[PDB]
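Encoded as structure tokens, the following chain is the form deposited without guanosine (GMP), with no partner shown.
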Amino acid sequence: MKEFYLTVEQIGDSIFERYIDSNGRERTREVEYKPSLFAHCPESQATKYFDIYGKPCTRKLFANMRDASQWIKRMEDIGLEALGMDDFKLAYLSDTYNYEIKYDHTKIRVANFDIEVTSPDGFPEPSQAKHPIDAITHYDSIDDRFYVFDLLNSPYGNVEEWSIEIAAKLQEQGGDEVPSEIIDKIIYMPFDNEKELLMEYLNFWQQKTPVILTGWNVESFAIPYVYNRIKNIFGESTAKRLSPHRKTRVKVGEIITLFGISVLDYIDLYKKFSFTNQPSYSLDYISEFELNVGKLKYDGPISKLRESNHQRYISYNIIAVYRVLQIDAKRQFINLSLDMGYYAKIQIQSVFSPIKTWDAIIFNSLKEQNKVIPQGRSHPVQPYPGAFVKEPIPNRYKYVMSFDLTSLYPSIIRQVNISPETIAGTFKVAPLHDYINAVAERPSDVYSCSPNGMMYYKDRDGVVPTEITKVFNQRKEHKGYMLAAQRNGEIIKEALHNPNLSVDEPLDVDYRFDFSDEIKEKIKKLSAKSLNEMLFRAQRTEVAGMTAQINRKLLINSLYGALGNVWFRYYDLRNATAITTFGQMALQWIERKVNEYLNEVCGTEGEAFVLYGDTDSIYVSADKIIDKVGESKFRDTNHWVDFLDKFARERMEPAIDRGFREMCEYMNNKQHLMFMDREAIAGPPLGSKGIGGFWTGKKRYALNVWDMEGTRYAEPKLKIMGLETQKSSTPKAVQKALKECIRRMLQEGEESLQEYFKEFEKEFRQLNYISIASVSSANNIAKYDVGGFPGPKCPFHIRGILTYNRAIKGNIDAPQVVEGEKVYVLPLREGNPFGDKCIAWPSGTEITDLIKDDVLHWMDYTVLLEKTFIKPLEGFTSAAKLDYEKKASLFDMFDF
């Protein structure tokens, strides 16, 4: 098979690499890699190497990486550019694997683990690791087995072996409901003492050294804990065996790095490739959201679970590891990482760095062309203008249609041809609004321009534009294979309804391309076995395409980040500013065009149809459009929705393309790529007193959407942005009551809203105290505390945390409030035994007794309702010109 690398490391003058050889077996090697860097030479010197600016360069081969680094140091002192890939690991990978690498995941050892550490005195700090490790569950992808290390005797108790029979039984039967699909994949290993467990674990680790190591929070807890525990008991020399190269290091805080291993903490792979931003990121919360089943439940505090119910303790450890494997089975984020890393030829963990990923992609691309990359330069962090957001007029908007530009920044780079080596010059910049209204002199009739004053060559392809354009082509390329493979999805599926009993074999065709009609019906006459393999193959294909297509998308959207980053090799302040300023002009330019077109077709004069714009989207009020045809002439909702849809497709879009076409010629851009697509269509139900939507201000609105990019909803979906209903700090009961308030406003009207509001006020005091409590995170708690009391400028939540501390000062059983975590908050009436206006206890749990009964007795309902429900509702209703309460004065809306 085709060889590929697993991990790579640089230690001194050697490159340590683990990899899969042609035979498919994992191997390791040390190589005295000789790097090459470059320097500018004279034109008279014959060479084949040129920097991206066309300047000639001489290749300097060094005897070892240390000499290369030394040379770079000398060049900086002399003041002359040192060109080439200074990260020798990338160079080595590029040189060793100069070809599209095909990898076989079944050969990559992926370890998923989790440990448990009983601790009476609070969270067991990894940097100390003062407590024994009493449980370890380590899943290995190659053996597809769950290895469980159980400590029977510890200073905290002696227990009996864990029972797999009891683990499989149901809850009602005293069991742990450990899934039957892993029950046979568990290898149990009990131990008499801790030293025997760690040493057996460490030995196990040497025999099955992980390539990719993941799990939940493993980088911040499990890995550092295991490392330090071993180091503290045995020597550091023993702890270093956790690294296949016996080499480790420490980073920010207590982040241990194990050379020869790629750590991909699943908690990070989630906060990166899932894009959903959950309120909480605990394995329990995430597991519920993705699998509709969280971690195993248990009674009492975790610090006492091992001694009170060791059976459940071990099963809990095994489930925690399985949940992560289940989520991955759904998100496939590990597979993605591998795919992206192998694509850019970087260490798998670098996938977390857009800068490193793009650096490697451009580097390998330029290498094939014999070009030499620029030297990374030092750049002062300098803030520059970003996206444009229009200030909306607070109000209700009955009918709205939004339009979004596709891949704005990446497109702008291509259109204007922005790149460091394509910079051609500058021009006198006029006020941005002069360009938006096309009253300013045309910037240049020779170069491609950006409203910030930069001019670019049109006669040459830029390094960046070209590189981004290639990923765009690979995108539609792969998204084209799984597109046709989808067509074959029915040619094979439906071929099972009325096939034949002819015993045959599965044909050899490429599902990437449409099935040839010369073999089309040839398949509609095979056995039940082959046909079930014909669709099986079509699955691998239609799925493989997804990963590639998704990876290309992630790269495309992360390019701008890198370009704005001073640590990026191709960074340039002018270029980053050219991108955002252009985007700012484009959005406002098109806003002007849409208004101009809609006024003309409506006979109106200087009317504002665009009510809001943000970055690459605009929202248009369609009331005039609807009235132009009369609202009473529509049969139902779907009727006017079909009308606006049609009007957008055959009237607005063409007018938009014409508008952007003009802007491209005005800035004399290299190529027109400003494409807008109708996004949403929103409005109230036909025949209702509802208000399709409203805006309170920037980033704050709600719309009753009926259609999104062509897909018509059976029922209108609320699209809410920025309002408290979207805030994790908003109490549960209130978050849903605020949503129902908005739904009623958009779909049913004022009266319905007032009816609900009244009922909710009446029944507020009957809601669970946990559902009506706001949530917040405890930060800098030690910055505003003065001996149990609040210091100067002490936040409200933090003030409540202290009130809790004091009230529980002297109890170790009651839940303590740690830092950086989330906590519930509740206001208290004046004259409470807590001597404060509020109290806050840890989240996810109920108020410990001894104070619970009192809290419920002193909690201020009035203030709670007013502060979390009424205040924000009034914000929505004021903007929407609605009253949530009868007999409300009209003058209250005026300033004095």
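A residue's number is simply how far along the shown sequence it sits, counting from 1.
The next section is about a form of this same protein that is not shown, the form deposited with guanosine (GMP) bound.
Comment: guanosine (GMP) is not present in this chain, but in the entry with it bound one of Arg241, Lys719, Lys89, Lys367 has a heavy atom within 4.5 Å of it, namely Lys367. The contact residue chosen from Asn832, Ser843, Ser36, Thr848 relative to guanosine (GMP) in the entry with it bound is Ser36, the criterion being a non-hydrogen atom within 4.5 angstroms. Mapping the unseen interface onto this chain, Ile373 counts among the residues with a heavy atom inside 4.5 Å of guanosine (GMP) in the entry with it bound. Though the partner is left out of this view, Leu213 does not reach within 4.5 Å of guanosine (GMP) in the entry with it bound, counting heavy atoms only. Put simply, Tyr49 is close to guanosine (GMP) in the entry with it bound: some heavy atom of it is within 4.5 Å. Remark: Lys837 does not count among the residues lining guanosine (GMP) in the entry with it bound, judged by a heavy atom distance of 4.5 Å or less. The stretch among 776-784, 80-88, 815-823, 325-333 whose residues place heavy atoms within 4.5 Å of guanosine (GMP) in the entry with it bound is 80-88. Interface residues of 95-109, taken as those with a heavy atom within 4.5 Å of guanosine (GMP) in the entry with it bound (partner not displayed), are limited to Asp95.
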